[PDB]
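# sequence-free structure coming up:
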RNA sequence: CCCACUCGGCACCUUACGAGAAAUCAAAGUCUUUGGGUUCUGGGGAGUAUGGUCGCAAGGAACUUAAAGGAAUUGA
RNA sequence: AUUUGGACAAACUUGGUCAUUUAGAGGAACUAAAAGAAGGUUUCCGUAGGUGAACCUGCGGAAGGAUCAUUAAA
Ligand SMILES: [Mg+2]
Ligand SMILES: [Mg+2]
């Protein structure tokens, strides 16, 4: 539930405080080398949790 | 209604063997005398325990998972061997273990090195122990002086015991397959125990194995190593940085070990080094 | 490390010192010789209290526990657990029978030394309790909050049973 | 299914539990534990 | 974390009681800027009252934007440091101490597809005031240029740097600091650098990025008073 | 659950706005299903 | 072995406790007692 | 009639400092942090803690005499991130709401010309 | 700075009347089968066994009823 | 300082004698007992290490690893 602007090596994330931290972790995992498919799976897990609460 | 206590200790939140040949071999190589009480680590479902229970006076099975403990209980209830099994639950590093003659373990690899030394320091330690480690950790126990894998673990474990390889267990034998290869080893703790202080031996080894392929003298060049040895010498006198420097140089030169590498040194070479330091009054620990 | 508390035995024969180095040392009062060292807790000791009638010693720690030591054996008889935070004070009441303790959680817990169980919990404070004084074997107990609030507890077991 | 596990442990007598302190206590939660004079007299 | 669940610390044992409000004993003082600047009033500061107050005052450095001192937004991106040197009746006489730009302005000028030229010189004024000046310049593309970039060869950069160092050295040596500060405000130095280095290569955003004060001579109250442009007491009875 | 990998038509304000104010579409299909069944019968 | 036995034997002469010795692991870091019971009784 | 201070906001990843001082910066007028205003460690960096800290500082500043402030916000800088986080942004909004006049806003994060190695290691950090 | 040209360079885009099974290649091309000069080189992932070779340590006492001889807030 | 003798007298050791709780094993009574899903992880090369190693870690290097948005100006 955020918006991301990827300006070269500079990343900006717009959203709520808890939300941008969640987005930041996924972005950082991608930077560290995690393949996109594995990150996508975790996004589905957190995305599920977000609805129940 | 025991949930109050068992939930206060456990949360009720593994790679299971799938080759009967290794399990039978581990029991066979144990050579359990009929008058031997056996301690069984990582009993699991109970495949290995039941074979041990047949040949042993009593079997103490130490477990950490409450769920697997019930599985062991259900497999042995209402049987002739129920009276000879004592299932223990919980972390067993902290507790004082009973007396056992043989230890057969499908150890969790995380607790490998605490376990190897617990048996060694156990009062009246077991005579033979068949333990299952990973290939890397097992080879370092089995590493001989001058080998690439010779290390502090190799030297420490080889003076309180003798470790000999049994077998290699592949990642296919386990499901889900672990990413590391496994192997079985036997540990024979020496009786009588060598009459050398554990702290003194480990004290010398730690200083000299910081850089195992580096010369022994360079290990003693460190300022912190210089500082600690100075304080130890002061304590010896109580019951001088330049003085301890000279003392170290004489010992290394006379013993003809200062130009040698710890990765190519035997128990005798460390023992000779330890003795020479004691004569000069430097007690490592 | 810094010494936190000092306690004197009933006969003035020994006195104990509690330090933040996780140890309690019992000294012979006449000569100052070290009678024994009590080292079992995992955090620094905030208070030490001799039992005023028999040879027991209570030591309070930052590990959220209180332990009763037998002076004759210098060993931990009973360990009391249940405090959510560090225990700052510990004193014996009702002679050997009970022990009262205060903690940073603001809760005063009355324990049974023999069984080591929390009989009662008094909650009249909203901050840490540094000071705890007892009179007439704990018939009157005063605890001072860090906010500056006093709670003058009065024993009423005899009164309640009559009702 | 955990409650089924708990009842099985309590049912058995040759089971002891370790708290974080390392103490040996039985499933129910009480510390699990001959003298010549007692048996003869 | 002030919660009750927070673990107790050793430092909480003995704590000093707050029994005196510090601002009861503080005394306000007014800061005045040199005559080189249009607006002399640059705020006020406070000190503990003399038991002295002057000792803490002297050596105090305050940094303020030139826009406030000159009353025009054209200097919004430039800051001036002023150091207290003398005190007279709660008036703090200050002197120039340095100059610098805002970080946002510096980041704005630095852009891709152009060359960054920066030059520095350590030089003293006629007042024996040793100072260090930093200059920054960027290449620009001509009106009819079609290339995306406007890079300059290192020979041009070294030629431009030599010209800039000559101008910075010349002006500082042949001027006092009060005169030097008078030059900084209208940015006449930058226009001089533009014309001199222009034939070498067209340039843009030529500025004196920073000014440092490395050394000071013996303090002269007489000179300080002249820069700022004594008083009888009143009988107490 | 399925995660959308395409740009959301709803601006970030709209998603917050919508949640400020089991499924209408699911019930929409239900009504059509009944209509199709009734006509077929 | 006999060399090993002799060296360990001589270590017996030079042996001490290690409670006070700093461990090498630090290298990386760089009236009667109950008279009260009488007065209340009487 | 307008006395100016300097509101120095240091927005770290694990905390937020709101520090108001005189124009020189030698005299502290009020320092409040997110940790002082919250009950849990996890929430020290939260924007909610920052707003409470900013409001507390603003109340103290008005008592002393300060009616306007110059904001000098910064992040950890150095080898770490260079832009103030949401904690710093919340404190800035809180000060504006408090009624204190905001004079000039500048980012003064310590930006190294060149830096020493970061704490992560070769493979990175911030899992 | 602009335009046009010309040498040398890091590269790039579209195509090969060529090559290749293809990915693709200004070379990995030299109009069906072959010669411009010259140097070097060749003939994957899992296991099984070994009449083979070389290496690799330490050390100076069981016994209980098999069993309702039980469980049980749940039973007889 | 130190000595003789006379009473006061703490504290220590000892067998008894009264009071108080209090540990296991028995025996024999009374009372009470209204519940009922799934879910962490890029692949390597050279080198150096490993005692809570189902694998971890330091240094340099490679893709044989999935490029969206803005962007000539005015
Ligand atoms: Mg983090
Ligand atoms: Mg490698």
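Done, it's in. Numbering: from 1, shown residues only, chains lettered A, B, ... in the order given. Ligands and ions are numbered 1, 2, ... in the order given.
# Could you use CA atoms for every contact and neighbour count after this?
Noted.
# In the helix or strand containing residue H:62, which residues are buried?
For residue H:62, the element it lies in under DSSP states H and E is helix H:47-64. Neighbour counts over helix H:47-64 (16 or more other CA atoms under 10 Å in any protein chain shown) mark H:47-59, H:61 as buried.
# now those in a markdown table, with distance to chain D?
Listed next are these as a markdown table, based on distance: CA to the nearest CA, whole Å:
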| residue | distance to chain D |
| --- | --- |
| H:47 | 38 |
| H:48 | 38 |
| H:49 | 36 |
| H:50 | 39 |
| H:51 | 42 |
| H:52 | 40 |
| H:53 | 41 |
| H:54 | 44 |
| H:55 | 45 |
| H:56 | 44 |
| H:57 | 46 |
| H:58 | 49 |
| H:59 | 49 |
| H:61 | 51 |
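# Any residue of stretch B:3-16 touching chain C?
No - residues of stretch B:3-16 contacting chain C under CA under 8 Å from any CA of the partner chain: none, with a closest distance of 12.7 Å.
# Now for residue 12: which residues touch it?
Chain wasn't specified; assuming chain A. A:4, A:5, A:6 (CA atoms under 8 Å, 6 or more residues apart in numbering or on different chains).
# Please refer instead to chain C.
By CA under 8 Å, 6+ apart, the neighbours of residue C:12 are residue C:29.
# next one: the one 3 residues further on
Remark: with contacts taken as CA under 8 Å, 6+ apart, residue C:15 is in contact with C:6, C:7, C:8, C:9, C:26, C:27, C:28, C:29.
# Packing partners of the helix holding residue H:62?
strand H:16-21, strand H:28-33, helix H:86-98 (3 or more CA pairs under 8 Å, 6 or more residues apart in numbering or on different chains; DSSP states H and E).
# Please enumerate the strands of chain E.
E:26-32, E:41-48, E:61-65, E:78-88, E:91-101, E:116-124, E:130-139, E:203-215 (DSSP state E).
# Could you point out which of those sits nearest residue B:242?
strand E:203-215 (45.0 Å; CA to CA).
# circling back to that earlier point, please tabulate the helices and strands packed on helix H:47-64 in CSV, including the columns distance to residue B:8 and mean neighbour count.
Shown next, in CSV, are those (distance: least, CA to CA, whole Å; neighbours: other CA atoms under 10 Å in any protein chain shown):
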stretch, distance to residue B:8, mean neighbour count
strand H:16-21, 38, 26
strand H:28-33, 37, 19
helix H:86-98, 39, 20
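# Need these in JSON lines (columns: distance to chain G).
Below are the helices and strands packed on helix H:47-64 laid out as JSON lines (distance: least, CA to the nearest CA, whole Å):
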{"stretch": "strand H:16-21", "distance to chain G": "32"}
{"stretch": "strand H:28-33", "distance to chain G": "33"}
{"stretch": "helix H:86-98", "distance to chain G": "36"}
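# now those as CSV including distance to residue E:56?
What follows is the helices and strands packed on helix H:47-64, written out as CSV (distance: least, CA to CA, whole Å):
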stretch, distance to residue E:56
strand H:16-21, 16
strand H:28-33, 14
helix H:86-98, 30
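# number of nearby residues for the residue nearest to residue E:113 when sequence neighbours are not counted?
The shortest distance from residue E:113 to any non-neighbouring residue, by CA to CA, 6 or more residues apart in numbering or on different chains, is to residue E:149 (4.6 Å). A total of 14 residues lie near residue E:149 under the criterion other CA atoms under 10 Å in any protein chain shown.
# try residue E:237
Using other CA under 10 Å, residue E:237 has 3 neighbouring residues.
# What of residue A:26?
Residue A:26: 17 neighbours (other CA under 10 Å).
# Can you pull up the most central residue in the chain?
Because you didn't say which chain, this covers chain A. Closest to where the C-alpha atoms of chain A average out (CA atoms, centre = their mean) is residue A:23, at 2.6 Å.
# Can you look at chain G instead?
Most central in chain G (CA atoms, centre = their mean) works out to residue G:19, at 4.9 Å.
# Name all residues that make contact with the residue of chain A found nearest RNA strand I.
In chain A, the residue that lies nearest RNA strand I is residue A:8 (20.3 Å; CA to the nearest atom of the strand). For residue A:8, the contact set (CA under 8 Å, 6+ apart) is empty.
# I'd assumed residue E:227 was in contact with residue E:35.
Yes - counting by CA atoms under 8 Å, residue E:35 does reach residue E:227; the two are 6.0 Å apart.
# Whichever residue of chain H sits closest to chain G: what's it in contact with?
Per CA to the nearest CA, residue H:119 is where chain H lies closest to chain G, at 18.2 Å. Taking CA under 8 Å, 6+ apart, we find residue H:119 in contact with residue H:125.
# helix, strand or coil for it?
coil (DSSP: H, G, I helix; E, B strand; the rest coil).
# Any chance of the backbone angles for it?
In terms of degrees, to the nearest 10, the main-chain angles of residue H:119 are phi -70, psi -20.
# cool, residue C:59 as well?
Dihedral angles for residue C:59 - degrees, to the nearest 10 - are phi -120, psi 130.
# ok, now how distant is it from residue C:50?
Going from residue C:59 to residue C:50 by CA to CA, to the nearest Å gives 9 Å.
# same thing with residue B:124?
Distance from residue B:124 to residue C:50, by CA to CA: 40 Å.
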